[PDB]
Amino acid sequence: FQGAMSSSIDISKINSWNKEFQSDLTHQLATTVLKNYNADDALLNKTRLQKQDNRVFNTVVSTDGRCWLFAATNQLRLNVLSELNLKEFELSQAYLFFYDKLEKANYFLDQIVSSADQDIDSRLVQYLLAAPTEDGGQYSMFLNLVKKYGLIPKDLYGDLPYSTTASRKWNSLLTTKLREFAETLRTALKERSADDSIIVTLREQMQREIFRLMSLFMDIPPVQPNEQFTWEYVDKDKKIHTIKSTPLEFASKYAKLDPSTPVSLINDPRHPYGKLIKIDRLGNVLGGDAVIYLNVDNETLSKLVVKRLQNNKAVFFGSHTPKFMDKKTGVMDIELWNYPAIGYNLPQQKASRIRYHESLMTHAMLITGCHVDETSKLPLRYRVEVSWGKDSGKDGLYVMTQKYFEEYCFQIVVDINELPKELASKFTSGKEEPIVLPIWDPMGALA
Amino acid sequence: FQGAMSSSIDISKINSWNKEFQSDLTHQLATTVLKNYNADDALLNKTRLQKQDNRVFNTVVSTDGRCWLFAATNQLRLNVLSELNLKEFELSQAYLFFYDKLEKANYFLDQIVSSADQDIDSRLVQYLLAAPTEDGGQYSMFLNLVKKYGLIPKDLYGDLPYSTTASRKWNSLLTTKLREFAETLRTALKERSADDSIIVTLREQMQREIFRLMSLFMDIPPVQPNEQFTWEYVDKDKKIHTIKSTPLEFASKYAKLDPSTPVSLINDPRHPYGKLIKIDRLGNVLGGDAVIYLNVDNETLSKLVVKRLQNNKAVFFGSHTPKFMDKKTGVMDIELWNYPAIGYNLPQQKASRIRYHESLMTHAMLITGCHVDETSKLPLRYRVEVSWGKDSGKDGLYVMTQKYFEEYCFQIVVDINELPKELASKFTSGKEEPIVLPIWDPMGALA
Amino acid sequence: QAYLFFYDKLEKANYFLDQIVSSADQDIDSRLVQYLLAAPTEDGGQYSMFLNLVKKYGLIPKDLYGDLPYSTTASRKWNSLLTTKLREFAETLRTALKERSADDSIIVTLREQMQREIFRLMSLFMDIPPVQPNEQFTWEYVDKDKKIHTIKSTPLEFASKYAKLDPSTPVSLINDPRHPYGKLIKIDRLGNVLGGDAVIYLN
C-alpha cells in the first residue's frame, strides 16, 4: 500500500511543484512561449545556425519510402553519365521498386511457411504480418535485385503510375491479401507437410494472384533481365546514339557495377567492434544474401568516409531521420535547438538509445563531400544530399556535423578494397561468426 | 571631452554587458525565441487569456479611417430600426464621408488664409500642409455635418465607389492639389488683402476645382439636405412601405437625433479635472462647433458608461488602437502579453505617455455592454464592438478590461441629461474658460 | 547589412538620449522635443551616417552575420518596443535634469544604465556581431573556380583592404532649388553616432 501510494500521482505534490516552477523566471518565460509554438520552431537557435550552416567543403566528389534506391543507384547513374558522355541521366528506380515489392511479397509467403510451427500470436508471426510489403530496404537487398534483374535507363520505365509515387494504398491492398494468404497457408499446413503437392500448388496460385494484383498498379518492366532493349539518347553535344543491351549487361557494362565489392560498416555500440553483425531473416529475394554489417568505431567509420570521398565517390549511409534535422535550413546538428535553455537535456548514450527504443536507422542518404580540418587532419562537417525534391533543405543539400554523424548515423557502404586488410579479412576469411540479431532489430531497413 | 566619451557607445562595455546577459538563463531563452518570432506572437500569455476572455456581461444594450462615422451613426441606425420596425438597416456613411472631405478641403483653404502671416516653415503651416484631407474626425465634426446635411438610408447612396473603401489614392491627389492652392493663396496674399475681390474669386475657383476632382471619385449625394427623397423598403414582416422625407427631416424624425444633447467627457490626466478642454482649430465645416471635452476622472468616466448602458444606449469612445489589443482573440488587456518575463516593464504614467508622444487617441469604437461586480458595485470588463468586418476579433466583438479602459481610452460621448448637474453646468453655465490646446494635440481626431 | 543595421540602431538610441539631454532646457511640447520623440529609432539614414558606422565598425562578409533574426526583416515591432522605452527614458532624464546638472554624477550613471538597458533589449532581437571592429575573424570561402580559401582579417581592415573603402573620398551633391547653387547645406542634428560627421550636401 505505501509503495502504490508513493508511486501514485499526488495532487498536492504536483500543485506544490507547480508553485515552485512558476516562481522561476525562465520557467515562466518558457511556458508562455511553449503554449504558443511548436518547441522546434521556438527553440531553433539562430546564433548556432549562424556558425553551423557552412557550405564550404574542401573534400568533395567532382561530379554533380524508396530513398534507399535513389541513394543506392546514384553512383551507377554517374558511371553512366561519364561512360556515355551524357549531360543528364537517371537509372529507373521504378524498375527496382516493382521487383523488390514482388520479391518481398513472395518472401513473406516463405517466412510464413517456415514459421508455421509457431503460434499465430507469437512475436515473429505477428511481426511478419505487420508490414510485409513496405518500401524500405538495405544495401544487400538492393544488390540481391541488381544481381537478378540488372538496371535499365529511366527513359524505358519511369515513375508514371500513381502507385510509384503514392504507394500507401497499393501496399495496403496487397498486405490485406497477404494476411489472408498467411492464414490459408498455415491452415493447410496443419494437415499436409510443406513439400506436399497441395502446398506447392497453393503457393504458386498465391504468387500468381500477387503478380496479377501488382500488374494492375504498375506494368511488369518491358524487357526481361537477359532480353535486349534498344535505347535512343542524346549526349552532351546534341549527338544521337542507340545502345542495344540487356538489363543485366547494362548494370555491368555501362553502370560498371561489380556486386562483389560493396560492404557495409556500422557503428553499433551495443556490440563489440571488429564483429560482423547479421540481421536474421531480413530480406527480399528468397535465397539472396543476408544483411551483414562489420561493426567499427566512429573514428574508423569517419576515416573510411573521407577516404571514399577522396577516391571521388559519394557515400551511401543510413541514419535516424529526422532526429535533429532541420528541413527548412537543411542542417543536421544535435545542438541547433536550444533545449538546455528550458532545462531539457538528454544524457542517454548511443548504445542505450538503441536498446531503449529511442533511435534506429530510418532513411538512407548520400554523403557527397566533407570538410577536413587543416590543423588536426579530421572531418568537421559533411555535405549531404537527399532525394526529397529540390525543395527540401538547401536545394536538397544538407550540412551535417561530425557530432551528428557520430551520434545519429550508423551505417556506411564502401568497397572492400577501401578497407584496411585487417578489416577486409573479416569479410573474406570465412572465420568470423556474426552476432545474430532478431528480424525486428533497429539496425534494419532504410526508407 | 570626458562627457562625450562617457556618453558614447563603448565597444568593450557592450561586449562585457553581453557576456553578463548571456550568463542568465532567462535571457538565453528569450533571445533564442525573440530572434524566431514577433514578440507579441511569442509572449501572448494563454494562461491570462484563459481568465480574461470572458464574454458574459450582466449589463448590455437590448438591441443588436471612417470608423468614427460608423460608431457615431450607430445609435441613430438603431433608432430607425425601431421607429420603422425594420429587420435590418444601415444609414449611409458615404453620405457623411463625401461632405466631410469637401468641407475639410474647404476648411484647409481658410486655415491657410488665416495663417498667411506666418512663415511657410512655421510649425502651424507645415502642420496644416501635412494631411488636410484625412478621413478621421471627432464627434463635434460629425454633428457639424449632420446639422448641415442630415442623414439618408444607405439604400440611396452606398459604398459603391472604389475610393469609398480605398481612399488613400483619392486623398493624395486632392492633397497634392491643396498644397498647390496653399502656395497660390499665400502668394496672392503678399500683395492683396484677404477681402480683396481677387482673393475671393480665387478661393471660389479653388472650391470649384476641389468639388470637380471629388465628383470624379464619388457622386455628390442624390438629394440636397432640404430636398425630399422617396425611400422604398420592407419591414420585419415582409410588408412594403415608402417614406418621403428630406435628409434633414430624416435625421430628426426617424433617426431621432437631437444635436444639442451629445457631450464628450475625457480622461486627460495632463490637466485638472472639472475643466473644459478645447482643441484649437480642429474642424471640418467652416464656422461649425469646436472640439470640446469636459475633463473628468476615471471613476466618473466609468460610472457614466455604466449609466448610459443602463439607459440601454451604447457608448461612443475613443482610444489608442491598437495598443494591447489582440485582434485574433478580440481581447484588450494590458497584461495579456508576458513582457515582465523578459524584464520589459513600462512605468511611464498616462499623463506622461501622452506628453512624451507614446499614447494618443487613434480610433473610435462602441461600448455595447459591461460587467459590473455584484460584490463591490463596479465594472470589470466591457463588451466592445468594432467596424472591422465580422472577421476582426470574435465576429467583430472584443472584450476590454477596466484597466485597459482606464489607461488606454480617453473619451466617451454621452447626453448632457445623463450628467450630474454639477458637470452638466460646466457646459451650460457660460462661465467656464476652456484650457486651449494646439491643433496637433494627441487628444484629437479618431479613425 | 545586418552588421551595420544592428550598430546603427544602437547608436541612434544612444544619440537620442544625448539629443534629449541637450534639449532639456526646452519645453516638453516644443517643436524639437516632440520631433525627437516621434521616431528615435527609424531604420533610415544618410550617406554620412553610413560612413560614421563604417569608420567605427568596419564591414564583414554576410556569411558571418546574416539576416536570420525575425526583426532584421520585420523591424516594426522591435522599433516600437525600443521607442516606448526611449520615451520613458526621455522623461526620466528631463525629470532628473530639473534638479541636477548634466555633468552631475547621477545623470552620468543614469545615462549608462539606459545604454545598458537599450543594449540588453536589442540583444534579445539580434545578436551583437561575432567579432569586435579590431578583432580578427576567419572567413572560409570558394572563388569562381571552386577553389577554397581562408581570410583572416578584422572588420576594420576588411573594409579597407578588401572592400577598398576610403571614407574621405565620398561627397554628396544635391539639387535643392530652395537654395542658391554653390552653397553647402547642413542638416542640423541629424545623425546616428554621437560626435560623428554631419549630413552635408553641396547644392
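The residue numbers shown here are sequential, starting from 1 for each chain in the order of its written sequence. They can differ from the numbering used in the entry, and residues that have no coordinates are not displayed. To label them, take the chains in the order written and letter them from A, then take the ligands in the order written and number them from 1. As shown, the structure covers only some chains of a larger assembly, and all values describe those chains. Derived side-chain values reflect all non-hydrogen atoms in the structure, with water molecules and hydrogen atoms excluded from consideration. Residues with missing side-chain atoms are left out of burial classes, side-chain pairs and their counts.

Per the deposited record, the coordinates in this entry were obtained by X-ray crystallography to a resolution of 2.15 Å.

Chain C is annotated in the PDB entry as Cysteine proteinase 1 from Saccharomyces cerevisiae.

For clarity, the threshold we go by: UniProt positions are given in the numbering used here, feature names are shortened, and annotations may be inferred rather than shown by experiment.
Within the PDB entry, the label attached to chain A reads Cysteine proteinase 1, and the organism entered is Saccharomyces cerevisiae. Under the UniProt heading Subunit, the note attached to chain A is "Homohexamer. Binds to nucleic acids. Binds single-stranded DNA and RNA with higher affinity than double-stranded DNA." UniProt annotates chain A under Sequence similarities with the comment "Belongs to the peptidase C1 family."

Quick word on the pairing of strand β7 (residues 315-319) of chain B
Residues and elements named next belong to chain B. Our working definition: Partly exposed residues are those whose accessible area sits between 20% and 50% of the maximum for their type, while under 20% is buried and over 50% is exposed, using a 1.4 Å probe and protein chains only. Strands are runs of DSSP state E lasting at least two residues, helices are runs of H or I lasting at least four, and both sets are numbered from the N terminus onward. Whether two strands pair depends on DSSP finding at least two bridges between them.
Taking burial as the measure, the five residues of β7 include five buried ones, the bulk of the element. Of the two faces of β7, the one carrying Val 315, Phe 317 and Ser 319 and the one carrying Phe 316 and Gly 318 are both buried. Both β7 and strand β10 (residues 363-372) contribute to a ladder of five bridges, which runs antiparallel. When the sheet's bridge partners are listed, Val 315 is paired in β10 with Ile 367. Across three bridges, β7 lies against strand β13 (residues 409-415) in antiparallel orientation. Counterpart to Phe 317 in the pairing with β13 is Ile 412.

Points about the side chain of C:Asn52
Quick note on the threshold: Here a residue-residue contact requires only that any non-hydrogen atoms of the pair lie within 4.5 Å.
The residue C:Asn52 is located in helix α3 (residues 47-57) in this model. Ignoring sequence-local partners within four residues, the contact set of C:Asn52 consists of C:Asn192, C:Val193, C:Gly196 and C:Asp197.

So, the relation of the copies chain B and chain A
Going by this rule: Placing the copies on one another, the fit minimises squared distances between their C-alpha atoms.
The operation relating chain B to chain A is a screw motion whose rotation component is 180°, with 0.0 Å of axial translation and a residual RMSD of 0.0 Å. Expressed as an axis order, the relation between the two copies is that of a two-fold axis. Residues of chain B ranked by C-alpha distance from the rotation axis are headed by B:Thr26, positioned 2.2 Å from it. When the interface residues of chain B are mapped onto chain A, 100% of them are again interface residues, pointing to one common binding face.

Observations concerning unusual backbone geometry
The residue after A:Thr321, namely A:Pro322, is reached through a cis peptide bond having omega 0°. You can see A:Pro322 is positioned in the loop between β7 (315-319) and β8 (325-326). Phi is positive for A:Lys256, close to 50°, though the residue is something other than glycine. When you line up the elements, A:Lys256 lands in the loop between α13 (247-253) and β4 (262-266). With phi around 65°, B:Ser376 is a residue other than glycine that occupies positive phi space. Residue position: B:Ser376 is located in the loop between β10 and β11 (379-385). Overall, B:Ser376 belongs to the partly exposed group, its relative accessible area being 48%.

Points about the interface of chain C and chain B
Threshold: Side-chain classes are defined by residue name, with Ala, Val, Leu, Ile, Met, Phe, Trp, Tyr, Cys and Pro counting as nonpolar, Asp, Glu, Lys and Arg as charged, and the others, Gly among them, as polar.
Taken residue by residue, the interface counts 44 residues in chain C and 41 residues in chain B. Put simply, the parts of the chain that give the side of chain C that touches chain B at least two residues each are α1 (2-22), α2 (31-38), α3, α5 (76-99) and α6 (105-125) of chain C. Here the element with the most residues in the side of chain C that touches chain B is α6(C); it accounts for 12 residues. Of the residues belonging to the side of chain C that touches chain B, the class tally is 20 nonpolar, seven polar and 17 charged.

Structural notes on the nonpolar core
Convention followed: For this analysis, a nonpolar core means a set of buried residues of the types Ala, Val, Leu, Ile, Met, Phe, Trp, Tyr and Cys, connected via side-chain atoms within 4.5 Å.
Residues A:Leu265, A:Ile412, B:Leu265 and B:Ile412 are the most contacted members of the largest nonpolar core, which totals 157 residues. Per element, the largest residue contribution to this core is 12 residues, and it comes from α1(C). For B:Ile412, the residues in contact, after removing those within four places along its chain, are B:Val263, B:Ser264, B:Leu265, B:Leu301, B:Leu304, B:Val305, B:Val315, B:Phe316, B:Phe317 and B:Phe405. In terms of nonpolar packing, the next biggest core, distinct from the first, is built from 82 residues, A:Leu96, A:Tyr99, A:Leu151 and A:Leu366 among them.

Some remarks on the packing of aromatic side chains
Put simply, the rule is: Only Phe, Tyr and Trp rings take part, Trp by its six-membered ring, and two of them pair if their centres are within 6.5 Å. Stacked means planes under 30 degrees apart, edge-to-face means over 60, and tilted covers everything else.
For the structure on display, the rule yields 56 aromatic pairs over all chains. Relative to A:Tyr233, the ring of A:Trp231 has its centre 4.5 Å away and its plane inclined at 25°; by these criteria the two rings are stacked. For A:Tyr233, a relative accessible area of 10% translates into the label buried. An aromatic cluster of at least three residues, connected via ring pairs, comprises B:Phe21, C:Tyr3, C:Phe6, C:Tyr7, C:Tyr57, C:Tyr65 and C:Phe119.

Some details on the interface of chain B and chain A
To keep it simple, the criterion reads: Buried area: the accessible surface (1.4 Å probe) lost by two parts on joining, summed over both. The salt bridge criterion pairs a side-chain nitrogen of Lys or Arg with a carboxyl oxygen of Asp or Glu, the two atoms within 4 Å.
The interface is formed by 21 residues belonging to chain B together with 21 residues belonging to chain A. Where chain B abuts chain A, roughly 1,800 Å² becomes buried across the two surfaces, and 59% of that area is made up of carbon and sulfur atoms. Considering only the surface of chain B that becomes buried against chain A, B:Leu29, B:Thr32 and B:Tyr37 emerge as the three largest contributors, covering 29% of it. Summed over the shared surface of chain B and chain A, the result is zero salt bridges.

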